[PDB]
2 protein chains.
Amino acid sequence: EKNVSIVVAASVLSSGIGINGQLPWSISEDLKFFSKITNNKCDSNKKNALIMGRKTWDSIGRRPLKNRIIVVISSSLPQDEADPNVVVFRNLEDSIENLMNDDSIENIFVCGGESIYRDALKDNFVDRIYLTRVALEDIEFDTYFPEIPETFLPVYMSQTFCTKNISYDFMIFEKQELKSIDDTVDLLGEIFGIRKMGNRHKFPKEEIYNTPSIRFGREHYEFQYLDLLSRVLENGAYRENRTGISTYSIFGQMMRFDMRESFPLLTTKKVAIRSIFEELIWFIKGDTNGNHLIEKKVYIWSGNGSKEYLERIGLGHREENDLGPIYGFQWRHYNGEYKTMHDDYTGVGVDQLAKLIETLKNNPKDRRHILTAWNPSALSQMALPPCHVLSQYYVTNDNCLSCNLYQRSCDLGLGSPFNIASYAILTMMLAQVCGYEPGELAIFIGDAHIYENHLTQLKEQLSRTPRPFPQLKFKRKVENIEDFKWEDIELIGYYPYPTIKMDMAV
Amino acid sequence: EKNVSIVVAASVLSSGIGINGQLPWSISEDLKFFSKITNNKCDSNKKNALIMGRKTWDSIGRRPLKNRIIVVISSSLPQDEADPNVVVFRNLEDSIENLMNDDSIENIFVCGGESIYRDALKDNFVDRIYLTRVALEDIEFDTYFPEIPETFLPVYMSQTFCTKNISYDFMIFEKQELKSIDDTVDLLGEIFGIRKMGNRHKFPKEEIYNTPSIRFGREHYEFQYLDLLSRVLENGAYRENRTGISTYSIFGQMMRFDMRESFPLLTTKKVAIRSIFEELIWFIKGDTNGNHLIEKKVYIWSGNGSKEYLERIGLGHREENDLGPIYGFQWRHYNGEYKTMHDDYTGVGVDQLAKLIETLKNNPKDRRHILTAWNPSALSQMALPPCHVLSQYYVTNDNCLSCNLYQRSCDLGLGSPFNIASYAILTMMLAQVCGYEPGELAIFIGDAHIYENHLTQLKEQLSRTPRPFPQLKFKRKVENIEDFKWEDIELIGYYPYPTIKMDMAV
Ligand SMILES: NC(=O)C1=CN([C@@H]2O[C@H](COP(=O)(O)OP(=O)(O)OC[C@H]3O[C@@H](n4cnc5c(N)ncnc54)[C@H](OP(=O)(O)O)[C@@H]3O)[C@@H](O)[C@H]2O)C=CC1
Ligand SMILES: NC(=O)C1=CN([C@@H]2O[C@H](COP(=O)(O)OP(=O)(O)OC[C@H]3O[C@@H](n4cnc5c(N)ncnc54)[C@H](OP(=O)(O)O)[C@@H]3O)[C@@H](O)[C@H]2O)C=CC1
Ligand SMILES: CN(Cc1cnc2nc(N)nc(N)c2n1)c1ccc(C(=O)N[C@@H](CCC(=O)O)C(=O)O)cc1
Ligand SMILES: CN(Cc1cnc2nc(N)nc(N)c2n1)c1ccc(C(=O)N[C@@H](CCC(=O)O)C(=O)O)cc1
Ligand SMILES: Nc1nc2[nH]cc(Cc3ccc(C(=O)Nc4ccccc4CC(=O)O)cc3)c2c(=O)[nH]1
Ligand SMILES: Nc1nc2[nH]cc(Cc3ccc(C(=O)Nc4ccccc4CC(=O)O)cc3)c2c(=O)[nH]1
Ligand SMILES: O=c1[nH]c(=O)n([C@H]2C[C@H](O)[C@@H](COP(=O)(O)O)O2)cc1F
Ligand SMILES: O=c1[nH]c(=O)n([C@H]2C[C@H](O)[C@@H](COP(=O)(O)O)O2)cc1F
């Protein structure tokens, strides 16, 4: 009685694994994973057995794999005894004689085809599943991986990797069937109520924890957002704010995101990527005219730029969509005397974005690559004070550009998915203009909250197991950061769950 | 064969437990901990046995404890059979007959005196130790807790609690004697080198991990700093900077600190608390004269305020210790045209600190309580750009004041211990002026680094097991935040390790 594991690489949605007798992709790192996961043994005097169908045996050229014994399932192949590294059995059941005897076999792996996968789960022989989800779907398949039965639960999900612009994950599904420290902490939690800081930061309950079975393997960095969503539902204090819609708020959180091998665009909800870019390039160009976004069918700044909202906050004399000095006016013309959105401010103010780019490539190891937007002198003229307040940038020793963002207030339903993608794109743009590669993205949050009208929606989003991040590449290299266009951005491998509607609190 | 645990409350340094037949302190929460830790049982049809000496039996008034069987060790007391909850044995060895028979006893606890504690460890009967370290030392003891033998290792250290201005911890010492997820992550770490983000954030090795035996119980919030020290020693990239002393730097870190029941002043190194305050009140008053700190014997701003350093950065015309517009000039006179340190700036600039206090008590649930110091227009006039750049404050539903601080650059040897205490004191001052209690302190760090001349010192600091945080209380309630004086601050229960000398990089 030893371990039997399935190793497979299937597509993310349709679970396709083959086409015309070969794989529908060429991922080098995946083959290395298969080689290391099937050679992983504890006894040096034992070998691992790899069960596979005949057509798969034809796919690998009918040649043995080093340090392993290939078990071919076929009714026609002659049970040859010449090659000691290849053995043939007539049916799958007989091949599981590796259990009963043959103590020289330590582990068993089932890396066959649809025919072998299907009647290996149906016959209930599989203990573990090593799944390699690949983000390719608009191609043709003819051989699929069967649906994972409900007896299996995911226990690990790696970060999203990239090979030839193809995103892929690594998951582990397992078949389901000290206390002295935990008890002492519980007893101290009963004595001190909210005096013990642990009780102010309780672990989320299972009913609000996305994919609860993955306990120790929450490596995928979308969990940095889905678990922040859970921490708010658990510890969020019911509070009122400037709007009529109350929130559940906690203070002091952070999220990390990789940008080297993936793009932190959430997959549990279809995020409008075009509107994010059109807002970011709107900041970079220095524009404050709210109509230029409406002319491009971007209505995210319409609520805070209406005639009734401006008169309500004391800016009735201001024009319709004149948001005033905001993001992109403190970036390009800091401390500049703002008049209207039609005047020409070329030359006035401190150009932080220009000095940022000039410093990033003339002094990379400088510790002052900071782009701020909090101007106390201009706060009263703003239609809305800056939420993503201050950002710092960092050049690593391997010529990568990381980014840290502090956010005073975070709408986890609407603003947060945008802010993650927006500052990811901005870091990539700065990397190309300065000649670096994208690094990491860390977002530090002050007032992390959830609007009470988003409770039914965000609980729906938490019920969706995350999919691998897509890839974002630029089609051309620009000479100045202002020259970026929407046609220059190519989003590769984005297969999200259906979009979720959530109303903005004005 | 069941479990035998020691329960004891000893002083932090000398390990005193008694005086004149009674305890040297009155901590209510500690007695509740003893009651719950000795009643913790799994079988409802069994009771726990509490072994204690005769003099301890006199201390509790010779009356039984509910739901427990007290075992008194005494050579003179008559072995009475009347009370079934009290039994007397002639020696400690005979009393450990609870093991051999009497299956109605589930657990055994040794909460005796020095006489019972000493020959319970010497006879090697103890499996676990529940230690309650109390921060009282300048009093008189006559009964001590014996030194913990090397066979025990700490596995848990709770946060610092407060009762009647007395700080105390809870530790657990234990006697020393799935893999499928860990292996898959290791295999992916071999395939992808630094492409897997986990390899850029490696767990610190044991030789640089403070108190490595405490794996799952790093509750004490001094570990938020000692483990950041370890993460830098593990992943820190060797980089040069504006000074001649290179650093080991990582990007994007955070630390949490409780301020309700303790004061985050590091105990692994004696921190000059007076110099921290004199710098903070120097900021609050709006002063930029570097000599006023030297007149108060505070020389932390002498390196960056010398005649040779000012001429080196292009400010030769500036006076000797005229640091220019820095912290405390952007706080009180933001965007104010700076001349010299002798002029009168009363009225010019935006007073953030005043508007911060006015907003904290007139609109607590506001999400804009932000105090910034990054002014791009005044950066060129500064002797040193702001390190603690921007801070945000938050009022909880139970009238507590939390604080978030973003720090672009962090000298983990010198600036970090100061910044932790400085913004802790500032939050407490704002709480008293606004009528709140201290809450939490979260510090978000950009360039967290360690200067290479601090390597021998910081490794020494990592070899010291942390002690409970002290308490900081104000002697009087001030009417304005500027009225605070050093005589008004009382530091209670600070018993740190000896101070460590580290040179500042100018
Ligand atoms: N992405 C991935 O991880 C993997 C993908 N693949 C791909 O899948 C494709 C091949 O898989 P597939 O087409 O399903 O063929 P299979 O690999 O599953 O093998 C099929 C053969 O196995 C034998 N067989 C199957 N069931 C039985 C049975 N109940 N009793 C006796 N013999 C049986 C038959 O051999 P016979 O007719 O001779 O008796 C049959 O022709 C290829 O494109 C391959 O590249 C393969 C492995 C892994
Ligand atoms: N901080 C804490 O957690 C605790 C503190 N304390 C404090 O400690 C003080 C008391 O402890 P302490 O003074 O050490 O006295 P003890 O509680 O250790 O008990 C002493 C008595 O135990 C008996 N005894 C001890 N050793 C032996 C032996 N080898 N054989 C037979 N009998 C033995 C003797 O009784 P006899 O002479 O009658 O034979 C002796 O007088 C008190 O102040 C108490 O409050 C007590 C418990 C816990
Ligand atoms: C056609 N086929 C089946 C195949 C392909 N990809 C997979 N990918 C995954 N994740 N899981 C599988 N079971 C799997 N199976 C193949 C193809 C090549 C090799 C192979 O050459 N393996 C070498 C590895 C070669 C290398 O290191 O790049 C080995 O050492 O096992 C194995 C199976
Ligand atoms: C003198 N003495 C010994 C004593 C005192 N403090 C300690 N504190 C600690 N952490 N550990 C000990 N072993 C300990 N022992 C005492 C004093 C009072 C009670 C006592 O009354 N215990 C009640 C608790 C009373 C309450 O809940 O406040 C119980 O239910 O056990 C026990 C032992
Ligand atoms: N309270 C408050 N005020 C704000 N002022 C400005 C903002 C930024 C902001 C960011 C995002 C959206 C938004 O509608 N997103 C969204 C989400 C899911 C599906 C479709 C869309 C719309 C689309 O297809 O673009 C709106 C506003 C903002 C905020 O998020 N909250
Ligand atoms: N590179 C660089 N530039 C700086 N400019 C300004 C600072 C702030 C700062 C903070 C602390 C100290 C300092 O000497 N601490 C210390 C530590 C241990 C023992 C004794 C003392 C001195 C004492 O008793 O006060 C000096 C400077 C600072 C910095 O920390 N690093
Ligand atoms: O980029 C943004 N990100 C964001 O999260 N918000 C949300 C956060 C909050 O719900 C509201 C502003 O909070 P407040 O108006 O109280 O400062 O806008 C707005 C943005 F523009
Ligand atoms: O409050 C402070 N905290 C701090 O950590 N430093 C250190 C960090 C770094 O070692 C140096 C400034 O880094 P740089 O001069 O490169 O901006 O001062 C200075 C302060 F004033």
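Taking the condition closer than 20 Å to A:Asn375 by Cα and buried (at least 16 other Cβ atoms within 10 Å of the Cβ), does B:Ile357 pass? When the stated conditions are applied, B:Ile357 passes them. Just to be sure before I move on: is A:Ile51 β-branched (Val, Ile, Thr), surrounded by 19 or more Cβ atoms within 10 Å (Cβ to Cβ) and more than 16 Å from ligand 5 (Cβ to nearest atom) in the structure I sent? It is true that A:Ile51 is β-branched (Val, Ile, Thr), surrounded by 19 or more Cβ atoms within 10 Å (Cβ to Cβ) and more than 16 Å from ligand 5 (Cβ to nearest atom). Here A:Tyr299 clears all of (1) within 30 Å of A:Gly336 (Cβ to Cβ); (2) under 25 Å from the mean Cα position of the chain (by Cα); (3) of a type in the set (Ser, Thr, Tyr) except the condition numbered (2).
Against the conditions (1) of a type outside the set (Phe, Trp, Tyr); (2) within 14 Å of chain B (Cβ to nearest Cβ); (3) touching a helix residue (DSSP H, G or I) at 6+ places or on another chain (Cβ under 6 Å), A:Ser74 satisfies every one except (2). Kindly check whether there is at least one residue in segment A:226-248 that is on the phi > 0 side of the Ramachandran plot and either in the same structural domain as A:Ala505 (by CATH) or over 18 Å from the mean Cα position of the chain (by Cα) (or both). Checking segment A:226-248: not a single residue is on the phi > 0 side of the Ramachandran plot and either in the same structural domain as A:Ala505 (by CATH) or over 18 Å from the mean Cα position of the chain (by Cα) (or both).
In segment B:15-45, the qualifying residues are those that are under 27 Å from the mean Cα position of the chain (by Cα), among the polar types (S, T, N, Q) and surrounded by 15 or more Cβ atoms within 10 Å (Cβ to Cβ), and the one that is nearest to ligand 7 (Cβ to nearest atom) is B:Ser35. Just so you know, in segment B:178-197 the residues that are under 19 Å from A:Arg215 (Cβ atoms) and more than 7 Å from chain A (Cβ to nearest Cβ) include one that is surrounded by the fewest Cβ atoms within 10 Å (Cβ to Cβ), and it is B:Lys179.
Only one of the numbered conditions (1) touching a strand residue (DSSP E or B) at 6+ places or on another chain (Cβ under 9 Å); (2) more than 30 Å from A:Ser28 (Cα to Cα) is not met by B:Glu150, and that is (1).
Per-residue answers, yes or no, for (1) over 28 Å from B:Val12 (Cα atoms); (2) more than 16 Å from ligand 8 (Cβ to nearest atom); (3) in contact with a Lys or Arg (Cβ under 7 Å, 6 or more places away or on another chain):
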site	(1), (2), (3)
B:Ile51	no, yes, no
B:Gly61	no, yes, no
B:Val88	yes, yes, no
B:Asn101	yes, yes, no
B:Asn107	no, yes, yes
B:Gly112	no, yes, no
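The single condition among (1) surrounded by fewer than 16 Cβ atoms within 10 Å (Cβ to Cβ); (2) more than 10 Å from chain B (Cβ to nearest Cβ) that A:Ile294 does not satisfy is (1). Every residue in segment A:321-340 that is touching an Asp or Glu at 6+ places or on another chain (Cβ under 7 Å) and either surrounded by fewer than 21 Cβ atoms within 10 Å (Cβ to Cβ) or not in a loop (DSSP other than H, G, I, E, B) (or both), please. Of everything in segment A:321-340, just one residue is touching an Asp or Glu at 6+ places or on another chain (Cβ under 7 Å) and either surrounded by fewer than 21 Cβ atoms within 10 Å (Cβ to Cβ) or not in a loop (DSSP other than H, G, I, E, B) (or both), namely A:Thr340. Does at least one position in segment B:256-273 carry a residue that is within 14 Å of chain A (Cβ to nearest Cβ) and under 22 Å from A:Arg256 (Cα atoms)? Yes, segment B:256-273 contains a residue that is within 14 Å of chain A (Cβ to nearest Cβ) and under 22 Å from A:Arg256 (Cα atoms). Does B:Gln432 fit the bill of being surrounded by fewer than 20 Cβ atoms within 10 Å (Cβ to Cβ), in contact with a strand residue (DSSP E or B) (Cβ under 9 Å, 6 or more places away or on another chain) and assigned by CATH to the domain that holds B:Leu315? Yes: the conditions hold for B:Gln432.
The set of residues in segment A:11-27 that are over 18 Å from A:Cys162 (Cβ atoms) and either small (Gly, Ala, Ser) or assigned to a strand (DSSP E or B) (or both) comprises A:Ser14, A:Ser15, A:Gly16, A:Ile17, A:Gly18, A:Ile19, A:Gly21, A:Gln22.
The one condition from (1) farther than 26 Å from A:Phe173 by Cα; (2) of a type in the set (D, E, K, R); (3) within 10 Å of ligand 3 (Cβ to nearest atom) that A:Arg62 does not meet is (3).
Test B:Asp103 against the stated conditions and say whether it is in contact with a strand residue (DSSP E or B) (Cβ under 6 Å, 6 or more places away or on another chain) and among the acidic types (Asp, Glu). Answer is no for this residue. Name the residues in segment A:200-211 that are more than 10 Å from every other protein chain (Cβ to nearest Cβ) and in a loop (DSSP other than H, G, I, E, B), would you? Correct list: A:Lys202, A:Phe203, A:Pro204, A:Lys205, A:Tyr209, A:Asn210, A:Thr211. Could you list, in sequence order, the residues of segment B:437-451 that are within 14 Å of the chain's Cα centre (by Cα) and within 8 Å of chain A (Cβ to nearest Cβ)? Across segment B:437-451, the qualifying residues are B:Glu440, B:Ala442.
Table: residues versus (1) within 16 Å of ligand 6 (Cβ to nearest atom); (2) of a type in the set (D, E, K, R); (3) within 30 Å of A:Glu207 (Cα to Cα); (4) not in a loop (DSSP other than H, G, I, E, B).
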| position | (1), (2), (3), (4) |
| --- | --- |
| A:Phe418 | no, no, yes, yes |
| A:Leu430 | no, no, no, yes |
| A:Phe444 | no, no, yes, yes |
| A:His449 | no, no, yes, yes |
| A:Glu460 | no, yes, yes, yes |
| A:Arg464 | no, yes, yes, no |
| A:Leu472 | no, no, no, yes |
| A:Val478 | no, no, no, no |
| A:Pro498 | no, no, yes, no |
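Of note, A:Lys164 does not satisfy the criterion of being surrounded by fewer than 20 Cβ atoms within 10 Å (Cβ to Cβ) and within 30 Å of A:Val4 (Cβ to Cβ).
If the condition is being closer than 15 Å to A:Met254 by Cβ and of a type in the set (A, V, I, L, M), then segment A:437-463 contributes A:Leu441, A:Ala442, A:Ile443, A:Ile445, A:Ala448.
The number of residues in segment B:159-177 being among the acidic types (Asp, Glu) and either facing chain A (nearest Cβ under 10 Å) or in contact with an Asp or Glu (Cβ under 8 Å, 6 or more places away or on another chain) (or both) comes to 1. Of B:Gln457, B:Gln432, B:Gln392, B:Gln461, all but one fail to be away from every other protein chain (no Cβ under 12 Å) and out of contact with any helix residue (DSSP H, G or I) (no Cβ under 9 Å at 6 or more places or on another chain); the exception is B:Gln457.
For every residue, the table says whether it meets (1) within 30 Å of A:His220 (Cα to Cα); (2) in contact with a helix residue (DSSP H, G or I) (Cβ under 6 Å, 6 or more places away or on another chain).
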{"residue": "B:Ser95", "(1), (2)": "no, no"}
{"residue": "B:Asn124", "(1), (2)": "no, no"}
{"residue": "B:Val134", "(1), (2)": "no, no"}
{"residue": "B:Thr143", "(1), (2)": "no, yes"}
{"residue": "B:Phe152", "(1), (2)": "no, no"}
{"residue": "B:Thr160", "(1), (2)": "no, no"}
{"residue": "B:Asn165", "(1), (2)": "no, no"}
{"residue": "B:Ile181", "(1), (2)": "yes, no"}
{"residue": "B:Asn199", "(1), (2)": "yes, yes"}
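Answer with yes or no whether A:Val86 is buried (at least 20 other Cβ atoms within 10 Å of the Cβ) and closer than 26 Å to A:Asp30 by Cα. Taking the combined requirement at face value, the residue does not satisfy it.
In summary, A:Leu371 fulfils each of the numbered conditions (1) part of a strand (DSSP E or B); (2) more than 16 Å from ligand 8 (Cβ to nearest atom); (3) surrounded by fewer than 24 Cβ atoms within 10 Å (Cβ to Cβ) with the single exception of condition (2). Scanning segment A:337-372 for residues that are of a type in the set (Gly, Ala, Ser) and within 10 Å of chain B (Cβ to nearest Cβ) yields a count of 1.
Cβ coordinates were reconstructed from backbone atoms using ideal geometry, including for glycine residues, and neighbour counts include every protein chain displayed. Numbers and lists here come from the model and the stated rules, or from a named source; nothing here is a laboratory result.
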